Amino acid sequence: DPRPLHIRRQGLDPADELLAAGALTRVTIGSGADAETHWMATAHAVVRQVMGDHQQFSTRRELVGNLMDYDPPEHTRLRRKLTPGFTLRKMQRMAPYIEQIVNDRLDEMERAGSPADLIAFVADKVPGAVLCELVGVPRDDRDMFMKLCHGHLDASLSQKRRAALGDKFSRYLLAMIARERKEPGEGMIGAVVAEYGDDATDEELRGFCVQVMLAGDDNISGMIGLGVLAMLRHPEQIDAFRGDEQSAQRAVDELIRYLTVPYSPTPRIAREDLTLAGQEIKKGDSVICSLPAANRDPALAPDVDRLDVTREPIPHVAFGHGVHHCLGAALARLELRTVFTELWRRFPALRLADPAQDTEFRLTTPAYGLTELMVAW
């Protein structure tokens, strides 16, 4: 394997080499004139210390509205400004909408008949539709909006195409923001402007939309796909999605902890010299935290390496830690819970279409996941 240790998985787990590295050690990513050195933190307490001490570890190093690029006090102000579109009450209001979105996708899969690819019908479609509903993109515009969203970032396209889709995407978003300023709706944009008005600038809001579209897509499709695969491999646990809501929420939390789809959060930069876990960190050093390794730290529980949806909950760092803790965490838990509950309500006998087949993992994104999952029912 020529890939960095923090990118390695073995099935649903961290790779053994990644798990056996030190709590904090040096690594070099890349070669020749590209090669760089970083510290990699794999221990739960070290990742919490690094991520939680923003006075000591900065996330900077332009993109307006990208919260991850700022440090307090600038971060604090921007995050406060976007928070109205993510309150727990706004999430409760979204639930009916997310249930309809999931059922519409399940309907298409049902119509296609067994066996069918759960990744193409559900995992890769729900995330985007849910974000469109959150942002406030009108139904009939979603398909078009999503091609612009993905398109303006497709490295495979020429400068001329990417640029054209990008100019089209900004124009769509800016037009949406101006519409919302006039008559604020319940979407994210409308919630922010209703509270801040002109203080939330056009560029801030446009940038917020781009970043949210990015932050809540890959992590969720990876969790939908790896989550169904994990449950089908532990069938006695599926009942956690066939009971009350508490039961399902606890199963979703355990799956997020067990699978930790993001390999690492934004790299942290030491803003000064310090000693951490016995190592001497110097002003300017870069630190990469392995969230998957941290959520498999042995001190967390004697059976931390197993999936147990009924265990005593283990606080995890899959949504990060500190001021940058996932702003979309509540929506993510709700979305995943809705997907898994409606899935097993509709397909009680869901199973792998071919139990012998090798698993097709998605190894090219910032989040682990599946590229295809054939299921039958």
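Each residue number is its position in the shown sequence, starting from 1.
The deposited sequence places no unmodelled residues between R26 and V27, so the chain runs continuously there. Looking at 133 to 141 and 220 to 228 together, the entry lists the larger mean B-factor for 133 to 141, computed on C-alpha atoms. Look at the mean CA B-factor for 143 to 151 and for 258 to 266 in the entry; the higher one is 143 to 151.
Of the candidates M176, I98, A123, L274, the deposited coordinates give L274 the top C-alpha B factor.
Take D308, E36, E342, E335 and read off each C-alpha B-factor from the entry; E36 has the highest. Residue-level temperature factors show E195 in the highest third of its chain, judged at the C-alpha atom. In the PDB entry, a CA B factor belonging to the middle third of its chain's modelled residues is recorded for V47.
Ranked by Cα temperature factor within the chain, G30 sits in the highest third according to the deposited record. When the modelled residues of the chain are ordered by their C-alpha B factor, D253 lands in the lowest third. The deposited CA B-factor of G65 belongs to the highest third of values across its chain.
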